[PDB]
>>> print(open('structure_11.tsv').read())   # TSV, N, CA and C atoms
chain	number	residue	atom	x	y	z
A	1	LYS	N	-10.50	-56.66	73.25
A	1	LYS	CA	-11.94	-56.56	72.82
A	1	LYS	C	-12.00	-56.03	71.39
A	2	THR	N	-12.91	-56.55	70.56
A	2	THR	CA	-13.10	-56.11	69.16
A	2	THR	C	-13.71	-54.70	69.12
A	3	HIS	N	-14.35	-54.27	70.20
A	3	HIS	CA	-14.96	-52.92	70.28
A	3	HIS	C	-14.58	-52.26	71.60
A	4	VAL	N	-14.52	-50.93	71.60
A	4	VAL	CA	-14.15	-50.14	72.81
A	4	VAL	C	-15.11	-48.95	72.91
A	5	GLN	N	-15.74	-48.79	74.07
A	5	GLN	CA	-16.63	-47.65	74.38
A	5	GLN	C	-15.75	-46.42	74.57
A	6	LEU	N	-15.99	-45.38	73.78
A	6	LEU	CA	-15.25	-44.10	73.92
A	6	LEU	C	-16.24	-42.96	73.95
A	7	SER	N	-15.88	-41.87	74.64
A	7	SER	CA	-16.61	-40.58	74.61
A	7	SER	C	-15.66	-39.54	74.01
A	8	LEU	N	-15.94	-39.14	72.76
A	8	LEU	CA	-15.02	-38.30	71.95
A	8	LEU	C	-15.42	-36.85	72.13
A	9	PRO	N	-14.46	-35.97	72.49
A	9	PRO	CA	-14.75	-34.54	72.60
A	9	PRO	C	-15.04	-33.98	71.19
A	10	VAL	N	-16.14	-33.24	71.06
A	10	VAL	CA	-16.55	-32.62	69.78
A	10	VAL	C	-15.92	-31.22	69.76
A	11	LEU	N	-15.07	-30.92	68.78
A	11	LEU	CA	-14.35	-29.62	68.70
A	11	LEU	C	-14.92	-28.76	67.56
A	12	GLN	N	-14.92	-27.44	67.74
A	12	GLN	CA	-15.22	-26.47	66.66
A	12	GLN	C	-14.01	-26.46	65.73
A	13	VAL	N	-14.22	-26.55	64.42
A	13	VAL	CA	-13.13	-26.58	63.41
A	13	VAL	C	-12.15	-25.43	63.61
A	14	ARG	N	-12.61	-24.22	63.95
A	14	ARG	CA	-11.69	-23.05	64.09
A	14	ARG	C	-10.82	-23.12	65.34
A	15	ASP	N	-11.13	-23.99	66.30
A	15	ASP	CA	-10.30	-24.19	67.51
A	15	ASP	C	-9.20	-25.21	67.27
A	16	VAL	N	-9.33	-26.06	66.27
A	16	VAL	CA	-8.42	-27.21	66.15
A	16	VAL	C	-6.98	-26.74	65.86
A	17	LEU	N	-6.03	-27.16	66.69
A	17	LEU	CA	-4.62	-26.74	66.55
A	17	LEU	C	-3.88	-27.68	65.61
A	18	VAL	N	-4.22	-28.96	65.59
A	18	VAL	CA	-3.49	-29.92	64.73
A	18	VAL	C	-4.53	-30.54	63.82
A	19	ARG	N	-4.46	-30.22	62.53
A	19	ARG	CA	-5.66	-30.29	61.66
A	19	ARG	C	-5.66	-31.61	60.89
A	20	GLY	N	-4.81	-32.55	61.27
A	20	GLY	CA	-4.84	-33.88	60.67
A	20	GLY	C	-3.89	-34.78	61.39
A	21	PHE	N	-3.83	-36.02	60.95
A	21	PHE	CA	-3.05	-37.08	61.61
A	21	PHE	C	-1.77	-37.41	60.84
A	22	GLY	N	-1.56	-36.87	59.66
A	22	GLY	CA	-0.34	-37.19	58.89
A	22	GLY	C	-0.57	-37.13	57.41
A	23	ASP	N	0.28	-37.82	56.66
A	23	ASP	CA	0.56	-37.48	55.25
A	23	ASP	C	0.17	-38.61	54.30
A	24	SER	N	-0.22	-39.77	54.80
A	24	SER	CA	-0.61	-40.93	53.95
A	24	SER	C	-1.87	-41.53	54.53
A	25	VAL	N	-2.65	-42.23	53.71
A	25	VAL	CA	-3.88	-42.92	54.20
A	25	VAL	C	-3.46	-43.85	55.34
A	26	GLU	N	-2.37	-44.60	55.14
A	26	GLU	CA	-1.97	-45.62	56.13
A	26	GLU	C	-1.56	-44.92	57.43
A	27	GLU	N	-0.87	-43.77	57.34
A	27	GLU	CA	-0.38	-43.08	58.57
A	27	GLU	C	-1.57	-42.51	59.34
A	28	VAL	N	-2.53	-41.91	58.66
A	28	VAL	CA	-3.63	-41.18	59.34
A	28	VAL	C	-4.51	-42.21	60.05
A	29	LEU	N	-4.78	-43.37	59.42
A	29	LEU	CA	-5.58	-44.43	60.08
A	29	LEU	C	-4.82	-44.98	61.27
A	30	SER	N	-3.50	-45.17	61.13
A	30	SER	CA	-2.61	-45.62	62.22
A	30	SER	C	-2.67	-44.65	63.40
A	31	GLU	N	-2.42	-43.38	63.12
A	31	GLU	CA	-2.33	-42.33	64.17
A	31	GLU	C	-3.70	-42.15	64.81
A	32	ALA	N	-4.78	-42.17	64.01
A	32	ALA	CA	-6.15	-42.00	64.53
A	32	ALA	C	-6.41	-43.09	65.57
A	33	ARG	N	-6.09	-44.34	65.23
A	33	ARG	CA	-6.33	-45.48	66.14
A	33	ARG	C	-5.47	-45.34	67.39
A	34	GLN	N	-4.22	-44.92	67.24
A	34	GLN	CA	-3.34	-44.69	68.42
A	34	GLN	C	-3.95	-43.62	69.35
A	35	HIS	N	-4.37	-42.48	68.80
A	35	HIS	CA	-4.97	-41.34	69.57
A	35	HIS	C	-6.30	-41.76	70.21
A	36	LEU	N	-7.10	-42.55	69.52
A	36	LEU	CA	-8.35	-43.11	70.10
A	36	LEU	C	-8.01	-44.00	71.30
A	37	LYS	N	-7.00	-44.85	71.20
A	37	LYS	CA	-6.59	-45.72	72.33
A	37	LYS	C	-6.07	-44.86	73.49
A	38	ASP	N	-5.33	-43.76	73.23
A	38	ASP	CA	-4.63	-42.91	74.23
A	38	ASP	C	-5.55	-41.83	74.81
A	39	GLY	N	-6.78	-41.71	74.32
A	39	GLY	CA	-7.76	-40.71	74.77
A	39	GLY	C	-7.39	-39.31	74.32
A	40	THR	N	-6.67	-39.19	73.21
A	40	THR	CA	-6.17	-37.89	72.68
A	40	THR	C	-6.76	-37.62	71.28
A	41	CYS	N	-8.00	-38.03	71.03
A	41	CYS	CA	-8.65	-37.90	69.71
A	41	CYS	C	-9.91	-37.08	69.86
A	42	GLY	N	-10.08	-36.08	69.00
A	42	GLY	CA	-11.30	-35.28	68.95
A	42	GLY	C	-12.07	-35.55	67.70
A	43	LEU	N	-13.28	-35.00	67.64
A	43	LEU	CA	-14.25	-35.21	66.55
A	43	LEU	C	-14.76	-33.84	66.12
A	44	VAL	N	-14.75	-33.58	64.81
A	44	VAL	CA	-15.33	-32.35	64.21
A	44	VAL	C	-16.49	-32.80	63.33
A	45	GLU	N	-17.65	-32.25	63.61
A	45	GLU	CA	-18.89	-32.50	62.84
A	45	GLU	C	-18.74	-31.84	61.47
A	46	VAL	N	-19.05	-32.60	60.42
A	46	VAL	CA	-18.80	-32.19	59.02
A	46	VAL	C	-20.00	-31.34	58.61
A	47	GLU	N	-19.75	-30.08	58.26
A	47	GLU	CA	-20.74	-29.18	57.64
A	47	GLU	C	-20.04	-28.43	56.51
A	48	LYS	N	-20.82	-27.70	55.72
A	48	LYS	CA	-20.33	-26.84	54.62
A	48	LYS	C	-19.14	-26.04	55.15
A	49	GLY	N	-18.00	-26.15	54.48
A	49	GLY	CA	-16.81	-25.34	54.77
A	49	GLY	C	-15.87	-25.96	55.78
A	50	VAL	N	-16.26	-27.06	56.44
A	50	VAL	CA	-15.36	-27.69	57.47
A	50	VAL	C	-14.15	-28.37	56.82
A	51	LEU	N	-14.36	-29.29	55.87
A	51	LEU	CA	-13.25	-30.16	55.39
A	51	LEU	C	-12.13	-29.32	54.75
A	52	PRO	N	-12.42	-28.24	54.00
A	52	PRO	CA	-11.34	-27.44	53.41
A	52	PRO	C	-10.46	-26.75	54.46
A	53	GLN	N	-10.93	-26.66	55.70
A	53	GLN	CA	-10.19	-26.06	56.83
A	53	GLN	C	-9.35	-27.13	57.54
A	54	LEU	N	-9.49	-28.40	57.16
A	54	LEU	CA	-8.66	-29.50	57.74
A	54	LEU	C	-7.70	-30.07	56.70
A	55	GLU	N	-6.74	-30.87	57.14
A	55	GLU	CA	-5.66	-31.39	56.27
A	55	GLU	C	-6.04	-32.79	55.79
A	56	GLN	N	-5.92	-33.04	54.50
A	56	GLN	CA	-5.97	-34.42	53.95
A	56	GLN	C	-4.65	-35.14	54.17
A	57	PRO	N	-4.62	-36.49	54.21
A	57	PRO	CA	-5.83	-37.31	54.18
A	57	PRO	C	-6.72	-37.15	55.43
A	58	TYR	N	-8.03	-37.25	55.26
A	58	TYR	CA	-9.05	-37.18	56.34
A	58	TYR	C	-9.27	-38.58	56.92
A	59	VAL	N	-9.60	-38.63	58.20
A	59	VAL	CA	-10.09	-39.88	58.84
A	59	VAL	C	-11.50	-39.61	59.33
A	60	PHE	N	-12.48	-40.34	58.80
A	60	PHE	CA	-13.89	-40.23	59.24
A	60	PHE	C	-14.20	-41.35	60.22
A	61	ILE	N	-15.11	-41.08	61.15
A	61	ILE	CA	-15.91	-42.16	61.80
A	61	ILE	C	-17.26	-42.23	61.12
A	62	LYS	N	-17.63	-43.46	60.75
A	62	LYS	CA	-18.83	-43.81	59.98
A	62	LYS	C	-19.61	-44.88	60.75
A	63	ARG	N	-20.93	-44.76	60.77
A	63	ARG	CA	-21.83	-45.69	61.50
A	63	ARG	C	-21.75	-47.06	60.83
A	64	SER	N	-21.46	-48.12	61.60
A	64	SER	CA	-21.16	-49.46	61.05
A	64	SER	C	-22.40	-50.35	61.18
A	65	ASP	N	-23.45	-49.86	61.85
A	65	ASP	CA	-24.64	-50.67	62.25
A	65	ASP	C	-25.72	-49.74	62.83
A	66	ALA	N	-26.99	-50.19	62.84
A	66	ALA	CA	-28.17	-49.53	63.44
A	66	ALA	C	-28.63	-50.30	64.69
A	67	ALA	N	-27.16	-49.56	68.82
A	67	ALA	CA	-26.33	-48.55	69.53
A	67	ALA	C	-26.21	-48.93	71.01
A	68	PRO	N	-25.37	-49.92	71.35
A	68	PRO	CA	-25.25	-50.41	72.73
A	68	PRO	C	-24.90	-49.33	73.76
A	69	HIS	N	-25.70	-49.24	74.83
A	69	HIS	CA	-25.44	-48.41	76.04
A	69	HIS	C	-25.40	-46.92	75.69
A	70	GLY	N	-25.99	-46.51	74.56
A	70	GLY	CA	-25.95	-45.13	74.03
A	70	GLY	C	-24.80	-44.90	73.06
A	71	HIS	N	-23.92	-45.89	72.88
A	71	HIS	CA	-22.70	-45.82	72.05
A	71	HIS	C	-23.01	-46.35	70.65
A	72	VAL	N	-22.97	-45.46	69.65
A	72	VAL	CA	-23.16	-45.80	68.21
A	72	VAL	C	-21.94	-46.61	67.78
A	73	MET	N	-22.13	-47.73	67.07
A	73	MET	CA	-20.97	-48.51	66.59
A	73	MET	C	-20.43	-47.83	65.33
A	74	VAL	N	-19.12	-47.63	65.30
A	74	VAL	CA	-18.47	-46.85	64.22
A	74	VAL	C	-17.24	-47.61	63.76
A	75	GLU	N	-16.81	-47.31	62.54
A	75	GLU	CA	-15.47	-47.69	62.06
A	75	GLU	C	-14.81	-46.52	61.33
A	76	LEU	N	-13.50	-46.65	61.11
A	76	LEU	CA	-12.64	-45.62	60.48
A	76	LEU	C	-12.63	-45.83	58.97
A	77	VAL	N	-12.84	-44.75	58.21
A	77	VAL	CA	-12.61	-44.66	56.74
A	77	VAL	C	-11.73	-43.43	56.46
A	78	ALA	N	-10.64	-43.60	55.73
A	78	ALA	CA	-9.77	-42.47	55.33
A	78	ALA	C	-10.19	-42.00	53.93
A	79	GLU	N	-9.89	-40.74	53.62
A	79	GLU	CA	-10.16	-40.15	52.29
A	79	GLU	C	-8.96	-39.30	51.85
A	80	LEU	N	-8.52	-39.47	50.59
A	80	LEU	CA	-7.41	-38.69	49.99
A	80	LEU	C	-7.78	-38.42	48.52
A	81	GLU	N	-7.84	-37.13	48.15
A	81	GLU	CA	-8.17	-36.65	46.78
A	81	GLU	C	-9.37	-37.44	46.27
A	82	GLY	N	-10.42	-37.50	47.10
A	82	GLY	CA	-11.77	-37.93	46.70
A	82	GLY	C	-11.90	-39.44	46.64
A	83	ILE	N	-10.90	-40.19	47.07
A	83	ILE	CA	-10.99	-41.68	47.13
A	83	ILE	C	-11.01	-42.09	48.60
A	84	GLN	N	-11.94	-42.98	48.97
A	84	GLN	CA	-12.10	-43.49	50.36
A	84	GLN	C	-11.52	-44.90	50.46
A	85	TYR	N	-10.93	-45.19	51.61
A	85	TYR	CA	-10.25	-46.47	51.93
A	85	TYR	C	-11.02	-47.04	53.12
A	86	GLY	N	-11.90	-47.98	52.77
A	86	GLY	CA	-12.98	-48.44	53.63
A	86	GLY	C	-14.33	-48.09	53.04
A	87	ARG	N	-15.33	-48.79	53.52
A	87	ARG	CA	-16.73	-48.68	53.09
A	87	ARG	C	-17.54	-48.80	54.38
A	88	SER	N	-18.41	-47.85	54.68
A	88	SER	CA	-19.23	-47.88	55.92
A	88	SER	C	-20.45	-46.98	55.76
A	89	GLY	N	-21.11	-46.66	56.87
A	89	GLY	CA	-22.37	-45.89	56.88
A	89	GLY	C	-22.15	-44.40	56.94
A	90	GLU	N	-23.14	-43.70	57.47
A	90	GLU	CA	-23.20	-42.23	57.56
A	90	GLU	C	-22.02	-41.72	58.39
A	91	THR	N	-21.40	-40.62	57.95
A	91	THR	CA	-20.31	-39.94	58.67
A	91	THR	C	-20.86	-39.32	59.96
A	92	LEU	N	-20.24	-39.61	61.10
A	92	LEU	CA	-20.52	-38.96	62.40
A	92	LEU	C	-19.60	-37.75	62.57
A	93	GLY	N	-18.45	-37.77	61.89
A	93	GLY	CA	-17.55	-36.60	61.83
A	93	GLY	C	-16.16	-36.97	61.38
A	94	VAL	N	-15.25	-36.00	61.43
A	94	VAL	CA	-13.85	-36.19	61.02
A	94	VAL	C	-13.00	-36.15	62.29
A	95	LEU	N	-12.05	-37.07	62.41
A	95	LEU	CA	-11.21	-37.17	63.62
A	95	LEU	C	-10.01	-36.26	63.45
A	96	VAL	N	-9.57	-35.67	64.56
A	96	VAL	CA	-8.36	-34.83	64.62
A	96	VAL	C	-7.70	-35.16	65.95
A	97	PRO	N	-6.39	-34.89	66.07
A	97	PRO	CA	-5.75	-34.90	67.38
A	97	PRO	C	-6.45	-33.91	68.30
A	98	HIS	N	-6.56	-34.32	69.55
A	98	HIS	CA	-6.99	-33.44	70.67
A	98	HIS	C	-5.76	-33.05	71.49
A	99	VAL	N	-5.50	-31.75	71.59
A	99	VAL	CA	-4.34	-31.22	72.33
A	99	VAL	C	-4.82	-30.20	73.37
A	100	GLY	N	-6.02	-30.38	73.93
A	100	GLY	CA	-6.54	-29.56	75.04
A	100	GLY	C	-7.58	-28.52	74.63
A	101	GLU	N	-8.02	-28.52	73.38
A	101	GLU	CA	-9.15	-27.64	72.96
A	101	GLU	C	-10.39	-27.94	73.82
A	102	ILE	N	-11.16	-26.91	74.14
A	102	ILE	CA	-12.44	-27.05	74.88
A	102	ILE	C	-13.53	-27.56	73.94
A	103	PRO	N	-14.15	-28.73	74.25
A	103	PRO	CA	-15.23	-29.26	73.43
A	103	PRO	C	-16.54	-28.50	73.61
A	104	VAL	N	-17.44	-28.67	72.65
A	104	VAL	CA	-18.83	-28.17	72.74
A	104	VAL	C	-19.77	-29.29	73.17
A	105	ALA	N	-19.34	-30.54	73.03
A	105	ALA	CA	-20.15	-31.74	73.34
A	105	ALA	C	-19.24	-32.97	73.34
A	106	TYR	N	-19.83	-34.10	73.69
A	106	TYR	CA	-19.20	-35.43	73.64
A	106	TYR	C	-20.08	-36.32	72.78
A	107	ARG	N	-19.44	-37.20	72.02
A	107	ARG	CA	-20.10	-38.18	71.12
A	107	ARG	C	-19.69	-39.58	71.59
A	108	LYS	N	-20.60	-40.31	72.23
A	108	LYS	CA	-20.39	-41.70	72.71
A	108	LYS	C	-20.36	-42.62	71.50
A	109	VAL	N	-19.28	-43.37	71.33
A	109	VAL	CA	-19.15	-44.34	70.21
A	109	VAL	C	-18.63	-45.67	70.74
A	110	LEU	N	-18.95	-46.73	70.02
A	110	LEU	CA	-18.37	-48.08	70.19
A	110	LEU	C	-17.48	-48.30	68.96
A	111	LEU	N	-16.17	-48.19	69.14
A	111	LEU	CA	-15.21	-48.18	68.01
A	111	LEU	C	-14.82	-49.63	67.72
A	112	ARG	N	-15.12	-50.10	66.51
A	112	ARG	CA	-14.53	-51.36	65.98
A	112	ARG	C	-13.01	-51.17	65.92
A	113	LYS	N	-12.30	-51.88	66.80
A	113	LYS	CA	-10.84	-51.79	67.04
A	113	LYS	C	-10.19	-53.14	66.70
>>> encode(input="structure_11.tsv", output="structure tokens")
Amino acid sequence: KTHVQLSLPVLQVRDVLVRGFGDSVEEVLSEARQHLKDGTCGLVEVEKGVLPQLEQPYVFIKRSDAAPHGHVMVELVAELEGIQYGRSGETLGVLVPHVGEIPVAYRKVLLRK
């Protein structure tokens, strides 16, 4: 399927144990997609002071359209030293590995895969 319904655990930035997906734009997008498929991907809502507490390159989920079954359609955009790889809509948050942190909420998305 070109899209997959996911419910992503929303994590507090200070709880996150693994603060990024790797060391290159290509690796972080690769690992993010693998963790999304394996159900091991969390979401941190971007506010003042969040991104400096996480590791670059960043992987964002961005709104790709204006929401089937309650699931917002999203795609992945990576960022490294202020340059983005991909073009999309409003940021829903930054993806991180999930390794058992307790979420505060869930974010239903339809991921362009």
>>> closest_residue(input="structure_11.tsv", among="A:95, A:109, A:10, A:104", to="residue A:34", atoms="only C-alpha atoms")
A:95
>>> closest_residue(input="structure_11.tsv", among="A:46, A:110, A:99, A:80", to="residue A:24", atoms="only N, CA and C atoms")
A:80
>>> closest_residue(input="structure_11.tsv", among="A:82, A:112, A:37, A:102", to="residue A:61", atoms="only C-alpha atoms")
A:112
>>> closest_residue(input="structure_11.tsv", among="A:107, A:65, A:72, A:21", to="residue A:88", atoms="all atoms listed in the file")
A:65
>>> residues_near_point(input="structure_11.tsv", point="(-21.4, -43.9, 57.4)", cutoff="7 Å", atoms="only N, CA and C atoms", output="list in words")
residues 61, 62, 63, 64, 87, 88, 89, 90, 91 and 92 of chain A
>>> write_last_selection(input="structure_11.tsv", atoms="N, CA and C atoms", output="CSV table (one decimal), in the coordinates of the input")
chain,number,residue,atom,x,y,z
A,61,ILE,N,-15.1,-41.1,61.2
A,61,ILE,CA,-15.9,-42.2,61.8
A,61,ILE,C,-17.3,-42.2,61.1
A,62,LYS,N,-17.6,-43.5,60.8
A,62,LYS,CA,-18.8,-43.8,60.0
A,62,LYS,C,-19.6,-44.9,60.8
A,63,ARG,N,-20.9,-44.8,60.8
A,63,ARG,CA,-21.8,-45.7,61.5
A,63,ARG,C,-21.8,-47.1,60.8
A,64,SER,N,-21.5,-48.1,61.6
A,64,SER,CA,-21.2,-49.5,61.0
A,64,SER,C,-22.4,-50.4,61.2
A,87,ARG,N,-15.3,-48.8,53.5
A,87,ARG,CA,-16.7,-48.7,53.1
A,87,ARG,C,-17.5,-48.8,54.4
A,88,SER,N,-18.4,-47.8,54.7
A,88,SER,CA,-19.2,-47.9,55.9
A,88,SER,C,-20.4,-47.0,55.8
A,89,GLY,N,-21.1,-46.7,56.9
A,89,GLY,CA,-22.4,-45.9,56.9
A,89,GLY,C,-22.2,-44.4,56.9
A,90,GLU,N,-23.1,-43.7,57.5
A,90,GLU,CA,-23.2,-42.2,57.6
A,90,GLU,C,-22.0,-41.7,58.4
A,91,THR,N,-21.4,-40.6,58.0
A,91,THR,CA,-20.3,-39.9,58.7
A,91,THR,C,-20.9,-39.3,60.0
A,92,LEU,N,-20.2,-39.6,61.1
A,92,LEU,CA,-20.5,-39.0,62.4
A,92,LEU,C,-19.6,-37.8,62.6
>>> select_by_dssp(input="structure_11.tsv", residues="stretch 33-77 of chain A", states="strand (DSSP E)", output="compact mmCIF listing (two decimals) with N, CA and C atoms, in the coordinates of the input")
# COMPACT_ATOMS: atom_id res chain seq x y z
N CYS A 41 -8.00 -38.03 71.03
CA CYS A 41 -8.65 -37.90 69.71
C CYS A 41 -9.91 -37.08 69.86
N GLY A 42 -10.08 -36.08 69.00
CA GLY A 42 -11.30 -35.28 68.95
C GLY A 42 -12.07 -35.55 67.70
N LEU A 43 -13.28 -35.00 67.64
CA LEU A 43 -14.25 -35.21 66.55
C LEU A 43 -14.76 -33.84 66.12
N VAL A 44 -14.75 -33.58 64.81
CA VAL A 44 -15.33 -32.35 64.21
C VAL A 44 -16.49 -32.80 63.33
N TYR A 58 -8.03 -37.25 55.26
CA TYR A 58 -9.05 -37.18 56.34
C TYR A 58 -9.27 -38.58 56.92
N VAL A 59 -9.60 -38.63 58.20
CA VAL A 59 -10.09 -39.88 58.84
C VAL A 59 -11.50 -39.61 59.33
N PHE A 60 -12.48 -40.34 58.80
CA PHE A 60 -13.89 -40.23 59.24
C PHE A 60 -14.20 -41.35 60.22
N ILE A 61 -15.11 -41.08 61.15
CA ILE A 61 -15.91 -42.16 61.80
C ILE A 61 -17.26 -42.23 61.12
N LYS A 62 -17.63 -43.46 60.75
CA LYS A 62 -18.83 -43.81 59.98
C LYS A 62 -19.61 -44.88 60.75
N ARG A 63 -20.93 -44.76 60.77
CA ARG A 63 -21.83 -45.69 61.50
C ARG A 63 -21.75 -47.06 60.83
N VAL A 72 -22.97 -45.46 69.65
CA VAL A 72 -23.16 -45.80 68.21
C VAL A 72 -21.94 -46.61 67.78
N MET A 73 -22.13 -47.73 67.07
CA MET A 73 -20.97 -48.51 66.59
C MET A 73 -20.43 -47.83 65.33
N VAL A 74 -19.12 -47.63 65.30
CA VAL A 74 -18.47 -46.85 64.22
C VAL A 74 -17.24 -47.61 63.76
N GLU A 75 -16.81 -47.31 62.54
CA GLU A 75 -15.47 -47.69 62.06
C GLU A 75 -14.81 -46.52 61.33
N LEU A 76 -13.50 -46.65 61.11
CA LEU A 76 -12.64 -45.62 60.48
C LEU A 76 -12.63 -45.83 58.97
N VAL A 77 -12.84 -44.75 58.21
CA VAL A 77 -12.61 -44.66 56.74
C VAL A 77 -11.73 -43.43 56.46
>>> select_by_dssp(input="structure_11.tsv", residues="chain A", states="alpha helix (DSSP H)", output="number ranges by chain")
A: 25-38
>>> closest_residue(input="structure_11.tsv", among="A:44, A:6, A:73, A:78", to="residue A:23", atoms="only C-alpha atoms")
A:78
>>> residues_around(input="structure_11.tsv", residues="residue A:81", least_positions_apart="4", cutoff="8 Å", atoms="only N, CA and C atoms", output="ChimeraX atom specification")
/A:56-58
